[PDB]
Amino acid sequence: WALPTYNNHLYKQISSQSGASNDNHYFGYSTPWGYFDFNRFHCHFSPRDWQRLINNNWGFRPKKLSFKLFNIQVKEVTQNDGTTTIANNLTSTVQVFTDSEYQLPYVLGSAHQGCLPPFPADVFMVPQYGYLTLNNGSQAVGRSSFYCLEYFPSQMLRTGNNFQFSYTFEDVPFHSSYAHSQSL
Amino acid sequence: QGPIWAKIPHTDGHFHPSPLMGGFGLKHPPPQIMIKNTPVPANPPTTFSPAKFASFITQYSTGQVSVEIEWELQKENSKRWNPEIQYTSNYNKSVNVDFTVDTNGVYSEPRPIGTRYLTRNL
Amino acid sequence: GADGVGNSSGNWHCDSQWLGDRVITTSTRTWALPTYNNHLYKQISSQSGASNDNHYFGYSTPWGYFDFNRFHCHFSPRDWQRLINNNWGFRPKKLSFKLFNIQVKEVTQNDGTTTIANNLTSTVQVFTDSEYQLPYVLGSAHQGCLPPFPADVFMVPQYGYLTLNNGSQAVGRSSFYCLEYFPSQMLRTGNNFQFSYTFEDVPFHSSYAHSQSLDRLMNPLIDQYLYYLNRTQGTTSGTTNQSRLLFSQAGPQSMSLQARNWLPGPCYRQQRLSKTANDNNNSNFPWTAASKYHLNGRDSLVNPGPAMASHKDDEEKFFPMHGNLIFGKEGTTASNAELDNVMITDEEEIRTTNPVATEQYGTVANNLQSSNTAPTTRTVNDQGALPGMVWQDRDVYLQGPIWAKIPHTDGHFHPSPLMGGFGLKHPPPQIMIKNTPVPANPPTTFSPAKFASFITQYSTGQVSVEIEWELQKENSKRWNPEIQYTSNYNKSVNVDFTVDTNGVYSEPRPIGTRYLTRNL
Amino acid sequence: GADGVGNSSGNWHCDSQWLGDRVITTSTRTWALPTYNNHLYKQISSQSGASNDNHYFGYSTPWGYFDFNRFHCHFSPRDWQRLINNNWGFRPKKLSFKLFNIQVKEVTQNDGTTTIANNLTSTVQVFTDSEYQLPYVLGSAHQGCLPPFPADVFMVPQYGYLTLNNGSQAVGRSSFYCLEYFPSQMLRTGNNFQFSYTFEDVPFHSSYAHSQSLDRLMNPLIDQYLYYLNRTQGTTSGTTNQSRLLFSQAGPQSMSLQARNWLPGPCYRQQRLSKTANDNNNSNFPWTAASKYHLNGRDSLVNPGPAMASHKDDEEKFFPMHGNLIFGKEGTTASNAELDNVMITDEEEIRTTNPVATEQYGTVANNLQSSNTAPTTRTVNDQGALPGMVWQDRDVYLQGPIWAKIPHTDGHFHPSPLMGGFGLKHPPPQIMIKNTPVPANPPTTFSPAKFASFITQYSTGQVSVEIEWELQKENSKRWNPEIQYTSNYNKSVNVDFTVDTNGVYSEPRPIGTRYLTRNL
Amino acid sequence: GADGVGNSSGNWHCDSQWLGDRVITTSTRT
Ligand SMILES: Nc1ncnc2c1ncn2[C@H]1C[C@H](O)[C@@H](COP(=O)(O)O)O1
Ligand SMILES: Nc1ncnc2c1ncn2[C@H]1C[C@H](O)[C@@H](COP(=O)(O)O)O1
Ligand SMILES: Nc1ncnc2c1ncn2[C@H]1C[C@H](O)[C@@H](COP(=O)(O)O)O1
C-alpha cells in the first residue's frame, strides 16, 4: 500500500455547490487521514477458492480477524529543478488507530473504492477519509457534528515498528449458498 | 467482488437488518483503521511567528498490510439423487484465461459470481 | 446368524456419508434366483464349424453369482459428482457383504394357471471363492451387476467358465470344476450370510488432468545451455557453399528442438473412424483393418489397447476403431444398433502424456546417410516400452468396471486393467449362490437311474454391499477456477439420471473422472 | 535470524573435504537481482502464425529463482578428478541453503548520469515450493545457474512457465499461478534465509565401465552342452545331397552362435553424422531426417534418446544426429555456431550393454520359409522393452545436469532423466526471490487506477549451498593399472580450467565419469 | 423388538387422561 498526504495536513469543510443540485445537497468535512478497507470478497478469496466454497456449502459466515501493518517506509520527495528525487526519511513516523468504540461515522459498507486489489501482485493507493453530517440544503444545522481524528489516541510508528489488531465477529446467520428445489 | 458486511445503524428500530446490497449486517462490525503521515515542518524563521504553520516537507508512506479472516462453513447434506449445477470454466479453446492477467499485465474478472449453486428443499 | 420365519434377518442399508478423508457407500438391492441348467452341469463348446477365432470349450453350472464390479452399484450420480469435483484421486479399502431376508418360492403349472407358494423348509447354498480356486469370471464387463437405481430388482447371473481348447475340442490339461465340491453355507428363511474383505495396496486413481504438457515443460523465458545441430548444408548460400555443420543453442523459440528428459507413453496404432458415415471408406473393415493380436493361431481383437488419446486438437469427431470403451443407452438391441443409440467415451485429458491412438507415434531413422545416400525416415506405428517413458492410465466412468484380477503368471508389466480401474492380485472373491435341489415324488420301487424329477422353484432376498473408499484430497495453488461437472440449468425435458413417464431409470451420458488439474 | 545494518548476516563458506565414505561440498557466490516484468504478471504465447510445432501458452512472473542443478556448481575440477578416478559410484544426500548479506539498491536517472544509492528500509521476498504446487522449471538445462568459477558474479534468472495449449490459444483446463499467493519470508538488510533438504533413495550413478561385454561373457576354454542348428542344406555336397538338418555343439569357436542369457538395452535409431563436412549428404536434414515423436499433433525432437553408444570401434568421427549432449565453448553465438565452437560428448564406455545409436538393432524374421518360400530378414530399427534386457544409463559431466523431477503421472518406466543424472519424485524445491515493489510519489487526490509509478531498484547478496554426497568405494582385483583422467604434462599455452589474460574462466573439455572398470 | 408369527407385536392403546397441567392422548387405528 501507498499513502500520500491528503488535504495538505488540513481539515477542510466541504459542502454542495452554490445551487448546483437539490436532492444532492450535503454538508461534511475532509480529513488528512487515510483508511484501510477490505469489505470485498475478492480481497480474501481467490477465484479457485470461491469456487470450492460456492460448490460445496449450504452456507458460510465470518468468525475472527487479524490485522497487521508492517515493513513501513517513509519517503520524502523534492522538486529541485525539473527532476524529482525521492529519499528516505528514517526518523519520520506514521499514525494508526482503530475506531473500536464506533465514535467515528462508519464510512465503510457503502461500496466505495480503495479496497484491497483482487490480485495480490497489485499495489493500491489508500483511500482518504471523509464523512457527512446533518444538513439543511448546502447549509448545516446546530446539531451537526465535527470529528477530529487527532483527538484519538493513536500509535505512532517509525520504520521497523508495526501494528497489530484482532477482532471477533458477532453471531450472524449463515449466508444462503443454496437455491430452493421447491416453490412456495 | 461484492460487499461482505455493513454496520447496522444505531436506531430505535430495525426490521430485517440484512444489508440491502447483500451480506452480513453487524451491530459492531470490523472497526475502521485510520492511517496518516505525521506532519513534518520545513525550515522555520529565526524570528517567532504566531501564524499558523503551513510550510511542510512533502512526503508519502508505503508498507505492507495483512488481513486474516476465519470463516465458518455450513456443510452440504442433500439426498438429491441427480447431479446439481456447479460453477465451471469453459473447457473450450479460448482466447484469454478467465480471471487472469493479459498481454500487458492487467488482472480482470470476466463475470460476477453468485453463490447459489447447490439446492436445498423448503 | 440364526432367527425365525416371522423375523427379518436384516435391514435396508442404502446410504453414503463423507468423512473428508474417506467415504463409505452402502448399497442394498432385491435379487431373484431361478434354477439354472435344471440343476445340471453341462459341457459347452463351439458350434460344429460355425467360427474359428471364436472356438471355445468349457462348462455350465447350476450356480448363480453376485457381481458389483460397476461404480454405479455404489455411487449415486450426485455422489460421483462430489468425488469427481474435489479429489486428486481415490481407492477401495474395505468391504462388507450380506445376504438376508431370503424367501424360497416353488411354482406349479396345474392347468393353465401358475400358482406360486412358500416352501419354508427349502434351503439355498452360498459360499465365497476366497482361495481363488475357481476361474475368476468377473472383471470382464459382463451383465447382471447391481442395478444403478436402488428401486430396480435384478436377476442373478448364471456361472460359466472357459478352459483350454484346441478348436471345438479340448486338451488333456483342461480343468473341470464342481462347485458342490466346495464347503458352502446352507440357508433357510431367517438365516443369513455374512462376509468381510480388505482390499490390497493399490495406487489411487487419476481423478486429475495435467495442466502442463510433456513437451511444454521448460522455462519460456530462458534459453538452454545445450546445443543441437540444425543446419547440415544450408549456409550463406551464394558462392562455394555446398554444406557445413552448424549448431544452435536451444531457445524458447526452438521449443520443439530442445533437449528433452522424458518420453510419451507406449502406443499401438488404431484405425481412425469418423462419426459422419460418409467421411469413411465405402468398405466393411471392422475386422480386416482393425488392430488385433493372436495367441495359438487365434486372432483376438485388441479392443481397449494401451492408454492413448482419442483425437487431436480441433477435431473431436474422430474416434479410434474401438480404441475406447462404449456404453449402450437404455433399451438398445444387442445386435447392430445405431450410432445414436450408444455412448462413446472421449479420452482427451491424457493428450499431454500419451500418443494419439489413430495418429503415428514418431519418426525413426533407418539408414547410413552420406553424400552417396539420402537420409531415410520411417514412420513408427508401434512402440514397445522405453526407459524414460511416462504415461497416464484409462479413466473410470460412473458405470465402468472397478477392479480386475491380475492373472497369476510369471510376468506382468503395468498390471492396471486395460478397461480401466484397479488391478488386484487378490480381488473381492466370487460369491456363489444356488437353490438346493428338491426331488419330487419318488417311486415305491427302487430305481438306480439318475434322479431327474424335481420340484420347480426359485429364490429371492436382499443383498447388501458396503465399501470404504480412501480419498486423495485436492491441493492446488491454481488461481483461476477449474472445470467442474455440472447439469444443464436450462429449461429441459427430462431430468438427467432419472426415471421417466413409465418408470425407467436412464443414465444420459458417461461420466469421466478427470476434472481437477494437477501439474506434471 | 535477525541482526542489524552494520552486521553481516553470514560468512563465505566455499570449501570441500572428503571423509572416504562421503564428501561435503560447500559453494558460495554473489548474486544480483533486477526487477523483472516491471512487477507485472504478463500472459505470453506464440507469435501469430510464426511456427506450429513451437506453439505455446504460459505466463511471465516478476519473480526470480535460484538454480544449482549443474555439477560444476559444487565440484571444482580437481575435486571432480578425485571423485571420478576413485569411486564405483556416488549420489546426493543432504542440502543446506542460505541467503545473506543482502543489499537493496535503488537507482535514479536524473540527467545523463545514473546515481545508485542504498535503500535500507526496502525488503525482498523469498520462499520455497516445498509442496511442489508450482510448475517445476528446473532440470531443463536452462541458464542462470551458479558460476563454475567462485569469483564470478551471476544474474538471477526470471521465472516463467508453460501451461496447456491448443496452438497459440489456451484451453479451459489451463492453470494460472500467482506467486504472491504463497507465504514468503520478507528480508531487510541484516535479515537472512535458511533452508535444509534431504534427498530420497536414488541409485548410485555409474562411475565405471564394464571390463566385459554382453556377448563375451562365457568361458573361452570350454564348450557348452547345448546344441544349435547351423546347417540347413549344406552337406556332403556331391551326389543326391540337396538338404539336411545338422546340429553343432557350441564352442569357443562358434562364439557368436552360442545360447545366450541376456539382451542388450532398448534402442531408437538416430541418424549418423560425420564431423568432416563432406562425408555427409548435400542436404539440410536436421529436422526432416532426424528422430522425433509427436504429442497432440505436435512434432518434438527426440534429442537425447535412450542410452545408446555414439560410435562403433575404429571410428570416433561419427556422432549420432543430436544423439548426445553438446556443450558450448566460452563465448559462442547462440545462433548457428561452428563445429570448432562446441563440445560434443562421446558415449563409448557403454558399448558393452547398449546398441549403437546410428546402427541398426538386430534382425527379425517375418515369413514362413519352406521349399516354396525363401526365408526373409527384416532389419529392426526400433526396439521396445524385453524380458532379459540389461543396460547402462547416460553419463554425467562436470558441467552436466544433476537431478530432474519425475513427472507425477500414472506410469513411468526407468525414471532416470534422459539428459542424465538423478530422477527424483521430490527434488530440491524451487527457491523464489523478488524485490518488493516500492511505489513512487502518489497523488494528493485519490486515484483508483492501477498503481504503475514505482521506484526502480535491484538487489544483491550472497548465496550458499551445501551438499553431502555418498560415495561408493572402488573394490577391484584388476591387476593392471586402469585409465585415469589427467592433465597434459606437456609444455602448454594456457592451463586447463583457468582464467586467461583478461580474466575469463573457461572449461576446456567435457568430463565424463566412467574411468574405473567393473565386471558384468 | 423381535418376536414370532403367532405372537402379537403390540396392543391397542386408545385412551386419554388429564393431569390438570397436561393431557395425554393415545390413538390406535388399523
Ligand atoms: N445480517 C444480519 N444480521 C443480523 N440479523 C439478521 C441478519 N440477517 C437476518 N437477520 C435476522 C436474524 C434474527 O432472527 C433477526 C434479528 O432481528 P433484530 O432486529 O436484531 O431483533 O434478524
Ligand atoms: N491397478 C494396479 N495394481 C497394481 N499395481 C499397479 C496398478 N496400476 C499401476 N501399478 C503399478 C504400481 C507399482 O509401482 C507397479 C508394480 O508392478 P509389479 O508387476 O507388481 O512389480 O505397478
Ligand atoms: N534416477 C532414478 N530415480 C529413481 N529410480 C531409478 C533411477 N534410475 C533407475 N531407477 C530404477 C531403480 C528402481 O529399481 C526402479 C524403480 O522404478 P519405479 O517406477 O519407481 O517402480 O527404477
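Residues numbered from 1 in each chain as written, not as in the entry; some residues may be left out. Chains lettered and ligands numbered in written order. Part of a larger assembly, values for the part shown. Heavy atoms only, no water.

Per the deposited record, determination of this structure is attributed to X-ray crystallography, with the resolution reported as 2.603 Å.

Identification of chain B as Capsid protein VP1 from Adeno-associated virus 3B is taken from the PDB entry. According to the PDB record, the title of this entry is "Crystal structure of adeno-associated virus serotype 3B".

By the naming in the PDB entry, chain A is Capsid protein VP1, taken from Adeno-associated virus 3B.

**Q** How would you explain the overall build of chain A if you had to name every residue and give the values?
**A** Along the backbone of chain A there are one helix and 12 strands. Along the chain direction, N to C, the helices and strands of chain A fall in the order β-β-β-α-β-β-β-β-β-β-β-β-β. Scaling as 2.2 N^0.38, a compact globule of 184 residues should have a C-alpha radius of gyration of about 16 Å, whereas chain A reaches 21 Å, well beyond that. In terms of its C-alpha atoms, chain A occupies a principal-axis envelope of roughly 70 × 45 × 35 Å. Taken over 184 residues, chain A has a buried fraction of 49%. Restricting to contacts in chain A with at least 6 residues of sequence separation, those with at least 24 account for 70%. Only carbon and sulfur atoms are counted for the fraction: they give 46% of the accessible area of chain A, which is about 8900 Å². A distance of 8 Å separates the average location of the 11 positive side-chain charges in chain A from that of its 11 negative side-chain charges. (Helix = DSSP H or I, 4+ residues; strand = E, 2+ residues; numbered from the N terminus. Rg over C-alpha atoms; globule rule 2.2 N^0.38 Å. Buried < 20%, exposed > 50% of the residue type's maximum accessible area, 1.4 Å probe, protein only. Contact = heavy atoms within 4.5 Å. Areas by Shrake-Rupley, 256 points an atom, 1.4 Å probe, with all protein chains shown as cover. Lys, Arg positive; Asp, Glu negative; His and termini not counted. Charge placed at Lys NZ, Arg CZ, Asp CG, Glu CD.)

**Q** With reference to specific residues and values, describe the overall build of chain B.
**A** Of the regular secondary structure elements, chain B holds zero helices and five strands. Its helices and strands taken in sequence order, chain B reads β-β-β-β-β from the N to the C terminus. Each of the three principal axes of chain B carries a C-alpha extent, and together these read 85 × 55 × 25 Å. The proportion of buried residues among the 122 residues of chain B is 39%. If you take every contact in chain B between residues at least 6 apart in sequence, the share linking residues at least 24 apart comes to 28%. Total accessible area on chain B stands at roughly 7200 Å², and carbon and sulfur atoms take up 55% of it. Side chains of chain B carry 11 positive and 9 negative charges; the gap between the two charge centres is 5 Å.

**Q** Could you give me a rundown of the pairing of strand 13 (residues 193-198) of chain D, with the residues and numbers involved?
**A** Residue and element names in this part refer to chain D. By the alternation rule, side chains of strand 13 split into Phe193, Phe195 and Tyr197, which are all buried, and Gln194, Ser196 and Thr198, of which none is buried. Across six bridges, the pairing between strand 5 (residues 87-109) and strand 13 is antiparallel. Residue pairing across strands places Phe97 opposite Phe195, the latter belonging to strand 13. (Pairing = 2+ DSSP bridges.)

**Q** Outline the site of ligand 3, listing residues and values.
**A** All names here are of chain D. As a structural note, the neighbourhood of ligand 3 is formed by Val202, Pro203, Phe413, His414, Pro415, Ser416, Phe422 and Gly423. Taking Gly423, its main chain carries an N or O atom lying 2.8 Å from a nitrogen atom of ligand 3. Taken together, the residues of the shell around ligand 3 sort by class into five nonpolar, three polar and no charged. (Near = heavy atom within 4 Å. Polar contact = N/O pair within 3.5 Å; in protein donor to acceptor, adjacent residues only side chain to side chain. Nonpolar A, V, L, I, M, F, W, Y, C, P; charged D, E, K, R; others polar.)

**Q** Which residues make up the interface of chain D and chain C, and what values do they have?
**A** Listed as interface residues are 120 residues of chain D and, on the opposing side, 103 residues of chain C. For the pairing of chain D and chain C, the buried interface totals around 10100 Å² over both sides, and the portion due to carbon and sulfur atoms is 53%. The interface formed by chain D and chain C contains three salt bridges. Residues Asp410(D) and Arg514(C) are paired through a salt bridge, measuring 3.5 Å at the closest nitrogen-oxygen approach. Counting every contact that joins chain D to chain C gives 73 residue pairs in polar contact. Here the side of chain D that touches chain C is composed, by residue class, of 53 nonpolar, 50 polar and 17 charged. As defined by bridge partners, strand 27 (residues 390-391) of chain C adjoins strand 29 (residues 411-412) of chain D across two bridges and the pair is classed as antiparallel. For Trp391(C), the partnering residue across the bridge sits in strand 29 of chain D and is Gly411(D). (Buried area = accessible area lost by both parts, 1.4 Å probe. Salt bridge = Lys/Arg side-chain N within 4 Å of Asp/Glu carboxyl O.)

**Q** For the sheet that holds strand 25 (residues 377-380) of chain C, give the residues involved together with the corresponding values.
**A** With antiparallel pairing, the four strands of this open sheet are ordered in space as 25(C)-24(C)-19(D)-20(D). Two strands close off the open sheet at either side, each with one partner strand: strand 25 of chain C together with strand 20 (299-301) of chain D. The sheet shows a mean angle of 30° between the axes of neighbouring strands, taken without regard to direction. Sheet topology note: the strand 24 (residues 362-365) of chain C/strand 19 (residues 292-294) of chain D ladder contains two bridges and is antiparallel. Following the sheet pairing, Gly362(C) is matched in strand 19 of chain D by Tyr293(D). (Axes fitted to C-alpha atoms, helices over the stretch in contact; angles between N-to-C directions.)

**Q** Tell me about the site of ligand 2, and name the residues and values.
**A** With respect to spatial proximity, the complete set of residues near ligand 2 consists of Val202(C), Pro203(C), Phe413(C), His414(C), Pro415(C), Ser416(C), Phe422(C) and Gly423(C). Contact between ligand 2 and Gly423(C): a nitrogen atom at 2.8 Å from a main-chain N or O atom of the residue.

**Q** Which residues make up helix 1 (residues 47-54) of chain A, and what values do they have?
**A** Counting buried positions over the eight residues of helix 1 of chain A gives seven, a clear majority of the element. All of the buried residues in helix 1 of chain A are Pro47(A), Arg48(A), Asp49(A), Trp50(A), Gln51(A), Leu53(A) and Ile54(A). On its buried face, helix 1 of chain A is in contact with strand 4 (57-79) of chain A, strand 4 (59-75) and strand 5 (118-120) of chain B together with strand 32 (516-518) of chain C.

**Q** Mind laying out helix 1 (residues 77-84) of chain C, listing which residues take part and the relevant values?
**A** Of all eight residues making up helix 1 of chain C, eight are buried, and the element is well covered by its neighbours. Considered for burial, the residues of helix 1 of chain C that qualify are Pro77(C), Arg78(C), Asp79(C), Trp80(C), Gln81(C), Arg82(C), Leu83(C) and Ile84(C). Buried positions along helix 1 of chain C lie against strand 5 of chain B together with strand 1 (15-18), strand 5 (87-109), strand 31 (457-473) and strand 32 of chain C.

**Q** Lay out the relation of the copies chain D and chain C with the relevant residues and their values.
**A** Structural alignment of chain D on chain C gives an RMSD of 0.0 Å, achieved by rotating through 120° and translating 0.0 Å along the axis. Taken together, the rotation angle and the small translation identify this as a three-fold axis. Using C-alpha coordinates, one finds that chain D approaches the rotation axis most closely at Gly384(D), a distance of 2.1 Å. Taken as a fraction of all interface residues of chain D, those also at the interface in chain C reach only 8%, which identifies the copy contact as different-surface. (Least-squares fit on C-alpha atoms.)

**Q** A description of the arrangement of the chains should follow, citing residues and the corresponding values.
**A** Where seven pairs of chains are in contact, the pair with the most contacts is made of chains C and D. One finds no contact linking chain B with chain E; the least C-alpha distance across the pair is 28 Å. Separated without contact, chain D and chain E have their nearest C-alpha atoms at a distance of 52 Å.

**Q** I'd like to hear about the state of the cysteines, residue by residue, with values.
**A** Working definition of a disulfide: a covalent bond connecting the sulfur atoms of two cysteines. Per the counting criterion, the structure on display carries zero disulfides over all chains. For the unlinked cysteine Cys178(D), the closest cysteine sulfur is that of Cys43(A), found at 14 Å. By relative accessible area, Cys178(D) is classed as buried at 1%. (Disulfide = S-S within 2.5 Å.)

**Q** An account of the interface of chain C and chain A is needed here, citing residue identities and associated values.
**A** If you look at the interface, chain C gives 11 residues, while chain A gives 10 residues. The interface formed by chain C and chain A contains one salt bridge. Linking chain C with chain A are five residue pairs in polar contact. Among the residues making up the side of chain C that touches chain A, the classes are represented as three nonpolar, five polar and three charged.

**Q** With reference to specific residues and values, describe the packing of aromatic side chains.
**A** Ring pairs (aromatic) are described by centroid distance and by the angle formed between their planes. For the structure shown, the criterion picks out 93 aromatic pairs over all chains. When the ring of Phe60(A) is compared with that of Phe24(B), the centres are 6.1 Å apart and the planes differ by 70°; the resulting orientation is edge-to-face. Placement of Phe60(A) in strand 4 and of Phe24(B) in strand 2 (residues 24-26) is noted, with the two residues assigned to different chains. The class for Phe24(B) is buried, based on a relative accessible area of 4%. An angle of 55° between the planes, with centres 4.7 Å apart, marks the rings of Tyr59(C) and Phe176(C) as tilted. With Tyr59(C) in strand 4 (residues 57-66) and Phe176(C) in the loop between strand 11 (169-170) and strand 12 (185-187), this residue pair connects regions lying 117 residues apart in the sequence. (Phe/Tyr/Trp six-rings, centres within 6.5 Å; stacked < 30°, edge-to-face > 60°.)

**Q** Tell me about the pattern of salt bridges, and please be specific about residues and values.
**A** Under the definition given, this model contains 42 salt bridges over all chains. Between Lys36(B) and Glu150(A) there is a salt bridge, with its nearest N and O atoms 2.7 Å apart. In this pair, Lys36(B) is assigned in strand 3 (residues 32-37) and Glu150(A) in the loop between strand 9 (139-140) and strand 10 (155-157), connecting two distinct chains. The class for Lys36(B) is buried, based on a relative accessible area of 4%. Between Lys79(B) and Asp15(C) there is a salt bridge, and its shortest N-O distance comes to 3.4 Å. Placement of the pair is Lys79(B) in the loop between strand 4 and strand 5 and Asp15(C) in strand 1, with the two residues belonging to separate chains. Take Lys79(B): its relative accessible area is 66%, and that puts it in the exposed class. Residue classification places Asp15(C) among the partly exposed residues on the basis of a relative accessible area of 36%. Overlapping salt bridges, with partners in common, bring together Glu76(B), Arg78(C), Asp79(C) and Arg82(C) in one network.

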